[PDB]
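Q: The structure under discussion is supplied below as structure tokens; questions concerning it will follow.
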Number of protein chains: 2
Amino acid sequence: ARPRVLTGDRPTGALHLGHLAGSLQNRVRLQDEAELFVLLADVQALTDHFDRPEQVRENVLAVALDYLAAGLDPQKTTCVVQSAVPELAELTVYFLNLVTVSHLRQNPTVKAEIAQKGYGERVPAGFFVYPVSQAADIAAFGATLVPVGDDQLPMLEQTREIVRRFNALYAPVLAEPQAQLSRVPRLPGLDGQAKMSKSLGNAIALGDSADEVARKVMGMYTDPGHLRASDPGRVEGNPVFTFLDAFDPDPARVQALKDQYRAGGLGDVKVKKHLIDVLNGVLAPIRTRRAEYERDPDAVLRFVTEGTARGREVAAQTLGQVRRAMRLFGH
Amino acid sequence: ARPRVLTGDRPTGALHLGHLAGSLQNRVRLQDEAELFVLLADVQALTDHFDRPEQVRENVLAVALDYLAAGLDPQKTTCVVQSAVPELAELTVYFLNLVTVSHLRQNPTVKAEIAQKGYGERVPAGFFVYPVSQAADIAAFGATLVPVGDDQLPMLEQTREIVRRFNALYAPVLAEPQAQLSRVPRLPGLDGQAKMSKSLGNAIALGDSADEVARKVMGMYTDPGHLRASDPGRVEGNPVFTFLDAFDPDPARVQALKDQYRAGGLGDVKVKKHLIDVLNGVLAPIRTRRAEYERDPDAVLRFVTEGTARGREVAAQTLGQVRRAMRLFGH
Ligand SMILES: N[C@H](Cc1c[nH]c2ccc(O)cc12)C(=O)O
């Protein structure tokens with residue numbers, strides 16, 4: 001517990017195996033060698049889900065349950081609800097003056113999302129400027145380390161420009177955050193697509209039953225050219241093997257499996273059955289804690305209402321110095 | 001009282017004659033005909049003066065003084081400093097999700113302001129966005145009536161739109177403001193321009209001495225082509241007449257000079273000379289009123305502090321409604 005690390009998830013659905021490999025595991029590690037803060041960004045979730053406020057509301061508790069199921073320690077990690085800390089909002093609006101529409105339009109990651117969203121020009125304002133609300137999140141909690149995939153680096157980098165701009169314009173009161181680069185490639189979807197998502201229908205939820213997990217794995221895309229066991233099959237592009245690199249404890253088995261697959265005679269059945277055993281080893285403990293916490297709804301609530309209290313006070317402090325630094329009337 | 005009315009100014013310096021005929025005297029009277037709220041657009045002032053925060057701070061107290069001297073009674077008008085009401089920023093954020101960047105792009109007023117400031121695509125985000133920030137101002141204070149210069153109609157119309165869309169998506173807890181058109185269009189500058197502003201240097205502040213006000217009138221643009229008294233002059237384009245037209249109480253008297261001046265026996269001096277006093281007359285009391293308060297500064301601060309408290313009170317009530325209407329987690 002030395003540098004303050006900030007991370008988060010916009011509450012839009014249940015977390016899945018892609019988040020586990022992509023961020024959860026790394027976060028379970030950080031809670032022990034840093035002060036970890038996780039933001040359930042329901043406000044940000046609203047920049048595009050403003051038409052589904054029920055969906056966002058319901059998932060704040062569900063993801064929380066997921067963080068816990070994943071192994072995030074209530075006594076270690078500060079879980080906070082973005083909605084319950086208006087200080088952030090207050091900061092984003094001040095941050096908006098420190099950034100140009102031109103530079104906000106150039107963010108490649110948001111540009112890409114607007115692209116995949118098919119918005120066109122009809123981009124909802126809140127979404128267009130979310131990178132700054134994120135910057136507000138970072139500075140307000142006074143985080144100095146932020147786990148980031150190269151896809152969020154422009155978000156982080158903008159944050160750096162903002163704090164830099166704020167300190168120089170007013171007073172050097174905000175900490176410049178630093179990135180904690182990558183988590184190695186992103187987990188692909190069951191049918192082999194680049195992205196794993198509930199939406200795409202190709203995900204395995206952390207809460208999926210061991211039976212379900214078995215089934216989903218059984219129907220996984222493999223190698224179009226591999227038609228029968230005897231045949232030789234390709235590993236590259238074959239998610240069954242990508243999953244194995246991200247969760248199989250012993251690469252010796254993995255590498256061995258890979259061999260015999262390119263050779264021939266190693267059908268997808270024998271490989272998949274082995275993924276199932278590795279996934280169940282990774283997921284089982286997570287299933288148990290999830291079910292446990294289901295019996296103790298109050299415990300999940302305590303997890304967030306208290307993280308929030310803490311988060312609220314921290315952000316409250318920062319705005320304090322921000323208000324003073326900006327020379328706001330009465331400060 | 002009866003309806004809630006919201007009016008305000010961007011604290012960037014002393015108020016001038018334009019504000020007077022622009023609204024000041026208007027609210028003076030609507031001050032007992034309704035619940036009048038006057039917002040010192042502290043924050044909106046930064047989307048333009050984000051590099052000169054000192055300038056703003058200093059002028060909050062200076063404009064408030066201006067307000068009192070202009071006739072506003074502490075017992076009937078709630079003066080509110082925007083920055084001390086963080087609830088407004090909160091609501092601004094939520095509102096951003098209700099409009100598209102392409103819609104903000106076609107606001108005729110902001111576009112004109114933008115072109116004047118030579119920002120180009122390099123428009124600060126906060127500025128490009130101030131229209132909704134104001135809509136938030138309106139909705140948070142529950143204002144049902146909002147005086148508006150011809151020029152601020154687009155903004156007014158945007159507020160209703162956003163309020164409308166908010167009520168449908170979430171719940172009908174916000175009131176659509178209705179406009180109060182004025183007669184006297186944007187008082188022109190001494191320059192002969194369309195705008196009077198300290199920025200353009202063509203203004204007669206409410207604090208200027210009898211000597212100055214007179215000096216300002218004498219250098220007031222009039223009519224080229226009209227070189228010597230004798231000659232026939234024309235009222236179109238002449239600031240002095242459009243000045244009398246807004247500060248002179250005897251219209252028969254006005255339409256009089258309008259005759260002679262088209263003939264040729266009414267020296268611009270004579271016109272000016274008159275008008276100068278018609279201004280000293282409308283300004284006489286204001287001057288005496290300012291001295292009093294200038295000697296009881298404690299009172300000005302009181303006006304601001306008590307009002308701001310009351311106002312936050314109101315904002316807090318609306319946000320709570322808003323927060324539950326949006327089904328934000330926990331409400
Ligand atoms: N009057 C403004 C600043 C402003 C912001 N919100 C409102 C609401 C109602 C007003 O009457 C004015 C304001 C200006 O002229 O920019």
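Simple scheme: letters A, B, ... for chains in structure tokens order, numbers from 1 for residues in each chain, numbers from 1 for ligands in the order shown.
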Please tabulate, as a tab-separated table, the residues of chain B that come within 8 Å of ligand 1, each with its closest pair of atoms and the distance in Å to one decimal, counting only C-alpha atoms and all ligand atoms and ordering rows by chain, then residue number upward.
A:
```
residue	atom	partner	partner_atom_place_in_ligand_line	distance
B:6	CA	ligand 1	9 (C)	5.2
B:7	CA	ligand 1	11 (O)	3.3
B:8	CA	ligand 1	12 (C)	4.0
B:9	CA	ligand 1	1 (N)	4.2
B:10	CA	ligand 1	3 (C)	5.1
B:38	CA	ligand 1	11 (O)	8.0
B:39	CA	ligand 1	13 (C)	7.0
B:40	CA	ligand 1	3 (C)	7.7
B:41	CA	ligand 1	3 (C)	5.6
B:44	CA	ligand 1	5 (C)	6.9
B:133	CA	ligand 1	6 (N)	7.5
B:134	CA	ligand 1	6 (N)	4.2
B:135	CA	ligand 1	6 (N)	7.1
B:137	CA	ligand 1	6 (N)	5.8
B:138	CA	ligand 1	8 (C)	6.0
B:146	CA	ligand 1	9 (C)	5.9
B:147	CA	ligand 1	11 (O)	5.8
B:148	CA	ligand 1	11 (O)	6.0
B:152	CA	ligand 1	15 (O)	7.8
```
Q: Put those residues in a file: N, CA, C and O atoms, as a PDB file, in the first residue's frame.
A:
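Below is the file that was written, again27.pdb:
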```
ATOM      1  N   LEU B   6     -34.817  33.057 -13.401  1.00  0.00           N
ATOM      2  CA  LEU B   6     -33.367  32.980 -13.335  1.00  0.00           C
ATOM      3  C   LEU B   6     -32.696  33.941 -14.321  1.00  0.00           C
ATOM      4  O   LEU B   6     -32.954  33.910 -15.521  1.00  0.00           O
ATOM      5  N   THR B   7     -31.838  34.804 -13.800  1.00  0.00           N
ATOM      6  CA  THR B   7     -31.102  35.740 -14.633  1.00  0.00           C
ATOM      7  C   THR B   7     -29.676  35.723 -14.114  1.00  0.00           C
ATOM      8  O   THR B   7     -29.416  35.230 -13.015  1.00  0.00           O
ATOM      9  N   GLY B   8     -28.749  36.254 -14.897  1.00  0.00           N
ATOM     10  CA  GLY B   8     -27.375  36.258 -14.451  1.00  0.00           C
ATOM     11  C   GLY B   8     -26.394  36.909 -15.402  1.00  0.00           C
ATOM     12  O   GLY B   8     -26.753  37.326 -16.514  1.00  0.00           O
ATOM     13  N   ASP B   9     -25.144  36.989 -14.955  1.00  0.00           N
ATOM     14  CA  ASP B   9     -24.094  37.594 -15.744  1.00  0.00           C
ATOM     15  C   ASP B   9     -22.790  36.858 -15.487  1.00  0.00           C
ATOM     16  O   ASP B   9     -22.586  36.276 -14.437  1.00  0.00           O
ATOM     17  N   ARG B  10     -21.920  36.888 -16.478  1.00  0.00           N
ATOM     18  CA  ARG B  10     -20.606  36.278 -16.391  1.00  0.00           C
ATOM     19  C   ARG B  10     -19.702  37.306 -15.701  1.00  0.00           C
ATOM     20  O   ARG B  10     -19.356  38.330 -16.281  1.00  0.00           O
ATOM     21  N   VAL B  38     -30.492  35.532  -9.069  1.00  0.00           N
ATOM     22  CA  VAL B  38     -29.467  36.096  -9.928  1.00  0.00           C
ATOM     23  C   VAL B  38     -28.207  35.290  -9.712  1.00  0.00           C
ATOM     24  O   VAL B  38     -27.646  35.245  -8.611  1.00  0.00           O
ATOM     25  N   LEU B  39     -27.788  34.630 -10.781  1.00  0.00           N
ATOM     26  CA  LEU B  39     -26.600  33.807 -10.746  1.00  0.00           C
ATOM     27  C   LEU B  39     -25.348  34.527 -11.256  1.00  0.00           C
ATOM     28  O   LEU B  39     -25.338  35.087 -12.358  1.00  0.00           O
ATOM     29  N   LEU B  40     -24.304  34.533 -10.435  1.00  0.00           N
ATOM     30  CA  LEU B  40     -23.042  35.123 -10.839  1.00  0.00           C
ATOM     31  C   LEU B  40     -22.334  33.955 -11.519  1.00  0.00           C
ATOM     32  O   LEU B  40     -21.724  33.129 -10.852  1.00  0.00           O
ATOM     33  N   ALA B  41     -22.444  33.879 -12.842  1.00  0.00           N
ATOM     34  CA  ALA B  41     -21.859  32.790 -13.625  1.00  0.00           C
ATOM     35  C   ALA B  41     -20.358  32.594 -13.468  1.00  0.00           C
ATOM     36  O   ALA B  41     -19.591  32.625 -14.444  1.00  0.00           O
ATOM     37  N   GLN B  44     -19.069  29.634 -15.653  1.00  0.00           N
ATOM     38  CA  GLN B  44     -19.218  29.880 -17.062  1.00  0.00           C
ATOM     39  C   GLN B  44     -18.221  30.948 -17.442  1.00  0.00           C
ATOM     40  O   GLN B  44     -17.754  31.006 -18.568  1.00  0.00           O
ATOM     41  N   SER B 133     -24.482  24.003 -20.045  1.00  0.00           N
ATOM     42  CA  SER B 133     -24.142  24.354 -18.679  1.00  0.00           C
ATOM     43  C   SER B 133     -25.220  25.300 -18.135  1.00  0.00           C
ATOM     44  O   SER B 133     -25.596  25.217 -16.966  1.00  0.00           O
ATOM     45  N   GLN B 134     -25.715  26.190 -18.996  1.00  0.00           N
ATOM     46  CA  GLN B 134     -26.748  27.162 -18.623  1.00  0.00           C
ATOM     47  C   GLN B 134     -28.078  26.476 -18.483  1.00  0.00           C
ATOM     48  O   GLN B 134     -28.911  26.872 -17.673  1.00  0.00           O
ATOM     49  N   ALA B 135     -28.298  25.455 -19.292  1.00  0.00           N
ATOM     50  CA  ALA B 135     -29.561  24.777 -19.198  1.00  0.00           C
ATOM     51  C   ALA B 135     -29.559  24.164 -17.833  1.00  0.00           C
ATOM     52  O   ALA B 135     -30.580  24.104 -17.169  1.00  0.00           O
ATOM     53  N   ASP B 137     -28.210  25.367 -15.246  1.00  0.00           N
ATOM     54  CA  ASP B 137     -28.445  26.470 -14.315  1.00  0.00           C
ATOM     55  C   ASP B 137     -29.959  26.628 -14.179  1.00  0.00           C
ATOM     56  O   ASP B 137     -30.536  26.621 -13.104  1.00  0.00           O
ATOM     57  N   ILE B 138     -30.602  26.754 -15.311  1.00  0.00           N
ATOM     58  CA  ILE B 138     -32.020  26.924 -15.314  1.00  0.00           C
ATOM     59  C   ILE B 138     -32.772  25.812 -14.605  1.00  0.00           C
ATOM     60  O   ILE B 138     -33.536  26.068 -13.683  1.00  0.00           O
ATOM     61  N   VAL B 146     -37.347  32.892 -17.888  1.00  0.00           N
ATOM     62  CA  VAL B 146     -35.973  33.331 -18.147  1.00  0.00           C
ATOM     63  C   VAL B 146     -35.858  34.448 -19.161  1.00  0.00           C
ATOM     64  O   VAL B 146     -35.872  34.209 -20.375  1.00  0.00           O
ATOM     65  N   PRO B 147     -35.726  35.681 -18.681  1.00  0.00           N
ATOM     66  CA  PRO B 147     -35.601  36.821 -19.583  1.00  0.00           C
ATOM     67  C   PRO B 147     -34.495  36.461 -20.556  1.00  0.00           C
ATOM     68  O   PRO B 147     -33.549  35.778 -20.188  1.00  0.00           O
ATOM     69  N   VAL B 148     -34.605  36.906 -21.792  1.00  0.00           N
ATOM     70  CA  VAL B 148     -33.597  36.540 -22.750  1.00  0.00           C
ATOM     71  C   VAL B 148     -33.499  37.560 -23.855  1.00  0.00           C
ATOM     72  O   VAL B 148     -34.507  37.987 -24.402  1.00  0.00           O
ATOM     73  N   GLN B 152     -30.012  35.276 -27.092  1.00  0.00           N
ATOM     74  CA  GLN B 152     -29.932  34.053 -26.298  1.00  0.00           C
ATOM     75  C   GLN B 152     -31.153  33.160 -26.449  1.00  0.00           C
ATOM     76  O   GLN B 152     -31.472  32.350 -25.588  1.00  0.00           O
TER      77      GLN B 152
END
```
Q: Quick check for you: according to DSSP on this backbone, which residues of range 75-307 of chain A are classed as strand (DSSP E or B)? Reply as a PyMOL selection string.
A: chain A and resi 77-81+100+124+145-148+178-181+205
Q: Can you write out as a tab-separated table which residues of chain B fall within 9 Å of chain A, alongside each residue's closest atom pair and its distance in Å to one decimal, counting only C-alpha atoms and ordering rows by chain and ascending residue number?
A:
```
residue	atom	partner	partner_atom	distance
B:42	CA	A:328	CA	8.2
B:43	CA	A:94	CA	7.9
B:46	CA	A:97	CA	7.4
B:47	CA	A:97	CA	5.4
B:48	CA	A:97	CA	8.1
B:50	CA	A:97	CA	6.5
B:51	CA	A:169	CA	6.4
B:52	CA	A:169	CA	8.8
B:53	CA	A:327	CA	6.2
B:54	CA	A:327	CA	6.5
B:56	CA	A:329	CA	8.3
B:57	CA	A:329	CA	5.1
B:58	CA	A:329	CA	8.0
B:60	CA	A:329	CA	7.5
B:61	CA	A:329	CA	8.9
B:81	CA	A:329	CA	8.0
B:83	CA	A:328	CA	7.0
B:84	CA	A:329	CA	8.0
B:86	CA	A:90	CA	5.8
B:87	CA	A:86	CA	7.5
B:88	CA	A:90	CA	8.3
B:89	CA	A:90	CA	5.2
B:90	CA	A:89	CA	5.1
B:91	CA	A:89	CA	8.4
B:92	CA	A:93	CA	8.1
B:93	CA	A:89	CA	6.5
B:94	CA	A:126	CA	7.6
B:95	CA	A:126	CA	7.8
B:96	CA	A:126	CA	4.5
B:97	CA	A:126	CA	4.5
B:98	CA	A:124	CA	6.6
B:99	CA	A:124	CA	5.4
B:100	CA	A:124	CA	4.1
B:101	CA	A:125	CA	5.2
B:102	CA	A:121	CA	5.9
B:103	CA	A:122	CA	7.9
B:104	CA	A:125	CA	8.3
B:121	CA	A:102	CA	5.5
B:122	CA	A:102	CA	5.4
B:123	CA	A:100	CA	5.4
B:124	CA	A:100	CA	4.3
B:125	CA	A:96	CA	5.1
B:126	CA	A:97	CA	4.5
B:127	CA	A:97	CA	7.0
B:128	CA	A:101	CA	7.7
B:129	CA	A:125	CA	8.5
B:169	CA	A:51	CA	6.7
B:170	CA	A:53	CA	8.0
B:323	CA	A:83	CA	8.9
B:326	CA	A:53	CA	6.2
B:327	CA	A:53	CA	6.2
B:328	CA	A:57	CA	5.9
B:329	CA	A:57	CA	4.9
B:330	CA	A:84	CA	8.2
```
Q: Just N, CA and C atoms for this one: save the residues we selected as a short mmCIF file (atom, residue, chain, number, x, y, z; two decimals), in the first residue's frame.
A:
```cif
data_model
loop_
_atom_site.label_atom_id
_atom_site.label_comp_id
_atom_site.auth_asym_id
_atom_site.auth_seq_id
_atom_site.Cartn_x
_atom_site.Cartn_y
_atom_site.Cartn_z
N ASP B 42 -19.97 32.36 -12.22
CA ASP B 42 -18.59 32.16 -11.84
C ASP B 42 -17.90 31.17 -12.76
N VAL B 43 -18.44 29.96 -12.85
CA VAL B 43 -17.85 28.92 -13.68
C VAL B 43 -17.93 29.15 -15.19
N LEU B 46 -15.21 31.09 -16.53
CA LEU B 46 -13.91 30.47 -16.72
C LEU B 46 -13.73 29.84 -18.09
N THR B 47 -14.82 29.38 -18.71
CA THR B 47 -14.69 28.77 -20.04
C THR B 47 -14.13 29.81 -20.99
N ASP B 48 -13.92 31.01 -20.46
CA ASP B 48 -13.40 32.12 -21.24
C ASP B 48 -12.24 32.78 -20.55
N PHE B 50 -10.37 30.99 -18.15
CA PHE B 50 -9.70 29.91 -17.42
C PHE B 50 -8.20 30.21 -17.14
N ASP B 51 -7.64 31.21 -17.82
CA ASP B 51 -6.25 31.57 -17.61
C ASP B 51 -6.15 32.84 -16.75
N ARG B 52 -7.29 33.42 -16.42
CA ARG B 52 -7.28 34.63 -15.63
C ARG B 52 -8.27 34.48 -14.50
N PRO B 53 -8.14 33.43 -13.68
CA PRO B 53 -9.04 33.16 -12.55
C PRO B 53 -9.18 34.29 -11.52
N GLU B 54 -8.12 35.09 -11.38
CA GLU B 54 -8.09 36.22 -10.46
C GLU B 54 -9.10 37.27 -10.91
N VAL B 56 -11.87 36.89 -12.49
CA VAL B 56 -13.21 36.43 -12.10
C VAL B 56 -13.50 36.60 -10.59
N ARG B 57 -12.66 36.01 -9.77
CA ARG B 57 -12.84 36.12 -8.34
C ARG B 57 -13.18 37.56 -7.95
N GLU B 58 -12.31 38.48 -8.36
CA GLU B 58 -12.46 39.89 -8.04
C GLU B 58 -13.78 40.50 -8.45
N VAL B 60 -16.82 39.04 -8.80
CA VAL B 60 -18.05 38.47 -8.23
C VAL B 60 -18.68 39.47 -7.26
N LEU B 61 -17.82 40.01 -6.39
CA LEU B 61 -18.17 41.00 -5.38
C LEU B 61 -18.48 42.33 -6.06
N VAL B 81 -23.52 32.45 -6.23
CA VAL B 81 -22.23 32.28 -6.90
C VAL B 81 -22.19 30.84 -7.41
N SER B 83 -19.98 28.73 -8.73
CA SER B 83 -18.96 27.81 -8.25
C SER B 83 -19.24 27.24 -6.83
N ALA B 84 -20.08 27.91 -6.04
CA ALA B 84 -20.37 27.39 -4.71
C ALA B 84 -21.59 26.49 -4.74
N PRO B 86 -21.91 23.23 -6.57
CA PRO B 86 -21.41 22.09 -7.34
C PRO B 86 -22.54 21.22 -7.91
N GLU B 87 -23.73 21.32 -7.35
CA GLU B 87 -24.81 20.55 -7.89
C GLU B 87 -25.02 20.92 -9.35
N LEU B 88 -24.74 22.16 -9.72
CA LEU B 88 -24.95 22.54 -11.12
C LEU B 88 -24.05 21.81 -12.08
N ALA B 89 -22.84 21.52 -11.65
CA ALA B 89 -21.91 20.84 -12.51
C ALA B 89 -22.36 19.40 -12.65
N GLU B 90 -22.89 18.88 -11.55
CA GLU B 90 -23.34 17.51 -11.56
C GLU B 90 -24.39 17.40 -12.65
N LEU B 91 -25.38 18.27 -12.57
CA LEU B 91 -26.46 18.24 -13.53
C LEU B 91 -26.00 18.54 -14.94
N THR B 92 -24.91 19.30 -15.07
CA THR B 92 -24.43 19.64 -16.39
C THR B 92 -23.96 18.34 -16.99
N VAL B 93 -23.20 17.58 -16.23
CA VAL B 93 -22.72 16.35 -16.78
C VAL B 93 -23.86 15.50 -17.31
N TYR B 94 -24.89 15.29 -16.50
CA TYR B 94 -25.99 14.45 -16.93
C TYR B 94 -26.63 14.95 -18.20
N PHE B 95 -26.73 16.27 -18.30
CA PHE B 95 -27.35 16.91 -19.46
C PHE B 95 -26.53 16.69 -20.72
N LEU B 96 -25.21 16.63 -20.59
CA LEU B 96 -24.38 16.41 -21.76
C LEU B 96 -24.77 15.14 -22.55
N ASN B 97 -25.34 14.16 -21.86
CA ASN B 97 -25.74 12.91 -22.50
C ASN B 97 -27.02 13.11 -23.28
N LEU B 98 -27.63 14.27 -23.16
CA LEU B 98 -28.87 14.49 -23.85
C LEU B 98 -28.82 15.29 -25.13
N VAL B 99 -27.63 15.66 -25.59
CA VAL B 99 -27.53 16.43 -26.84
C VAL B 99 -26.32 15.97 -27.66
N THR B 100 -26.36 16.16 -28.98
CA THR B 100 -25.25 15.71 -29.82
C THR B 100 -24.27 16.82 -30.13
N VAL B 101 -23.04 16.43 -30.41
CA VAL B 101 -22.07 17.43 -30.72
C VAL B 101 -22.50 18.20 -31.95
N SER B 102 -23.25 17.56 -32.85
CA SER B 102 -23.67 18.21 -34.10
C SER B 102 -24.74 19.20 -33.90
N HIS B 103 -25.40 19.07 -32.77
CA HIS B 103 -26.47 19.98 -32.41
C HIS B 103 -25.84 21.16 -31.71
N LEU B 104 -24.78 20.92 -30.95
CA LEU B 104 -24.12 22.02 -30.26
C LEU B 104 -23.42 22.86 -31.32
N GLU B 121 -11.24 25.56 -34.94
CA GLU B 121 -11.53 24.27 -34.36
C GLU B 121 -10.91 24.14 -32.98
N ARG B 122 -9.99 25.03 -32.64
CA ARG B 122 -9.34 24.96 -31.33
C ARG B 122 -10.16 25.63 -30.23
N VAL B 123 -11.47 25.35 -30.22
CA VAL B 123 -12.42 25.90 -29.23
C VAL B 123 -12.31 25.14 -27.94
N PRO B 124 -12.13 25.84 -26.80
CA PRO B 124 -12.02 25.13 -25.53
C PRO B 124 -13.28 24.34 -25.34
N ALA B 125 -13.16 23.13 -24.80
CA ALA B 125 -14.33 22.29 -24.60
C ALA B 125 -15.41 22.94 -23.72
N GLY B 126 -14.96 23.54 -22.62
CA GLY B 126 -15.87 24.18 -21.69
C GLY B 126 -16.75 25.22 -22.33
N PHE B 127 -16.16 26.01 -23.23
CA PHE B 127 -16.87 27.06 -23.97
C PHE B 127 -17.84 26.46 -24.96
N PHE B 128 -17.34 25.62 -25.87
CA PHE B 128 -18.21 24.98 -26.86
C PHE B 128 -19.43 24.38 -26.20
N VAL B 129 -19.24 24.00 -24.94
CA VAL B 129 -20.30 23.39 -24.16
C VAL B 129 -21.14 24.29 -23.21
N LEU B 169 -37.27 10.43 -20.86
CA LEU B 169 -36.41 9.30 -20.63
C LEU B 169 -36.49 8.76 -19.22
N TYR B 170 -36.37 9.67 -18.27
CA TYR B 170 -36.36 9.34 -16.84
C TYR B 170 -37.73 9.53 -16.18
N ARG B 323 -31.58 12.79 -9.32
CA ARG B 323 -30.86 11.56 -9.04
C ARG B 323 -31.71 10.33 -8.86
N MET B 326 -33.29 9.38 -12.34
CA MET B 326 -32.39 8.68 -13.25
C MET B 326 -32.05 7.27 -12.76
N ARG B 327 -32.62 6.90 -11.62
CA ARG B 327 -32.37 5.61 -11.02
C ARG B 327 -30.87 5.43 -10.82
N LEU B 328 -30.18 6.45 -10.34
CA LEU B 328 -28.76 6.31 -10.10
C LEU B 328 -28.68 5.41 -8.89
N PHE B 329 -27.76 4.45 -8.93
CA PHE B 329 -27.63 3.52 -7.82
C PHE B 329 -27.75 4.20 -6.48
N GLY B 330 -28.57 3.62 -5.62
CA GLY B 330 -28.73 4.16 -4.29
C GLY B 330 -29.88 5.12 -4.06
#
```
Q: From the DSSP assignment of the backbone, select every residue of range 19-70 of chain B that is alpha helix (DSSP H), and format the answer as a PyMOL selection string.
A: chain B and resi 19+25-30+42-49+53-69
Q: Restricting the calculation to only C-alpha atoms, which member of B:235, B:282, B:218, B:184 is positioned closest to residue 270 in chain B?
A: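 Between B:235, B:282, B:218, B:184, the residue approaching residue 270 in chain B most closely is B:218.
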Q: Using Å and a single decimal, report how far CA of residue 26 in chain A sits from CA of residue 275 in chain A.
A: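 Between CA of residue 275 in chain A and CA of residue 26 in chain A the gap works out to 21.3 Å.
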Q: Excluding residue 141 in chain B and any residue of its chain fewer than 3 positions from it, enumerate the residues within 10 Å of it, using only C-alpha atoms, and give them as a ChimeraX atom specification.
A: /B:4-6,37,39,88,136-138,144,174-175,311-319
Q: Take the residues that were just selected and, keeping C-alpha atoms, output them as a compact mmCIF listing (two decimals), in the first residue's frame.
A:
```
# COMPACT_ATOMS: atom_id res chain seq x y z
CA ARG B 4 -39.20 31.41 -10.36
CA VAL B 5 -37.03 33.57 -12.59
CA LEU B 6 -33.37 32.98 -13.33
CA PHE B 37 -32.63 34.45 -8.71
CA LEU B 39 -26.60 33.81 -10.75
CA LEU B 88 -24.95 22.54 -11.12
CA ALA B 136 -28.37 23.12 -16.10
CA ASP B 137 -28.45 26.47 -14.31
CA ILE B 138 -32.02 26.92 -15.31
CA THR B 144 -40.00 28.79 -15.15
CA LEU B 174 -38.03 19.18 -14.55
CA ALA B 175 -39.89 22.35 -15.65
CA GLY B 311 -29.80 28.79 -3.81
CA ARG B 312 -27.77 25.73 -3.12
CA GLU B 313 -30.70 24.77 -0.97
CA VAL B 314 -32.89 24.80 -4.07
CA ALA B 315 -30.42 23.11 -6.32
CA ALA B 316 -29.95 20.35 -3.78
CA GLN B 317 -33.68 19.72 -3.77
CA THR B 318 -33.88 19.37 -7.55
CA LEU B 319 -30.83 17.16 -7.89
```
Q: One number please: CA of residue 34 in chain A to CA of residue 2 in chain A, in Å, one decimal.
A: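 Between CA of residue 34 in chain A and CA of residue 2 in chain A the gap works out to 5.1 Å.
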Q: Would you kindly return, as a ChimeraX atom specification, each protein, DNA or RNA residue with an atom no farther than 6 Å from any atom of residue 263 in chain A, considering only C-alpha atoms and excluding same-chain residues fewer than 2 positions away?
A: /A:232,260-261
Q: So which one's closest to residue 203 in chain B, B:65, B:18, B:13, B:186? Using only C-alpha atoms, please.
A: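 That would be B:18, the residue with the smallest distance to residue 203 in chain B.
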